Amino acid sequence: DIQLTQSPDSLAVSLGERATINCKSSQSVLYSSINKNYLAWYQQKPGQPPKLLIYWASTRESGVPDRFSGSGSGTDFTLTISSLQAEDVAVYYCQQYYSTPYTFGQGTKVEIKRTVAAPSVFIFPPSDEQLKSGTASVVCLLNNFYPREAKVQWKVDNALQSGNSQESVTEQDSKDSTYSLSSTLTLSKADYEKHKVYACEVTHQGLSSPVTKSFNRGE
């Protein structure tokens, strides 16, 4: 049976420009009796079923814009996004069906590339309801920025904290093509009341120098 590998894993292309996703198999999937490659291309957006875009390497399924084009033969194949658009931000899998078992590729993530935007930063002290819970959670919000890469270093009494942080990124907004990140540092209620200044220091490509937004406990 045949195993497939696509590249790149992630891909960022600006609006209107071409995006290319290659996909190589370990075995040729070319029925010589009909001369068709038995490879398909699927699109999948978050929370939606996968969508078949192109079958037989180069044939578009109904309901697929002509901006999509795949071709190649034998072992290497490529799906080309001519004039990328916002509604194309998704994950694209290449699947074979020459022989069972069918297999997919590991998936390629397409995202829109925009120009650098600085994040607007906010810090939220823990509730007062959650401090009767016995644990506190401090939150830092990075809002509307690009690219996604950004380091969020927690400081508690100017002591750099690591290992109690947890990040999560909303993925690309459809209007400005910007992400937003929220790091949540979680602490014991005991440990939370042994320190007084809690600071979220974010450094990003769009900022001249690292922006720190802090708060002192009980003010």
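Numbering starts at 1 and runs along the sequence shown.
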If you take the mean CA temperature factor per stretch, which one wins between 48 to 56 and 187 to 195?
187 to 195
With B-factors read from the PDB entry, the higher C-alpha mean of 86 to 94 and 110 to 118 is in 110 to 118
Per the entry's Cα B factor values, which of 146, 77, 102, 124 stands out as the maximum?
77
If I read the C-alpha B-factors straight from the PDB entry, which of 167, 61, 171, 157 is highest?
171
If you rank the chain by CA B-factor, which third does residue 131 end up in: lowest, middle or highest?
highest
Residue 31: CA B-factor among chain residues, third -> highest
Would you check the entry's CA temperature factor for residue 12 and let me know if it's in the chain's lowest, middle or highest third?
middle
Residue 207 by Cα B-factor - lowest, middle or highest third of the modelled chain:
highest
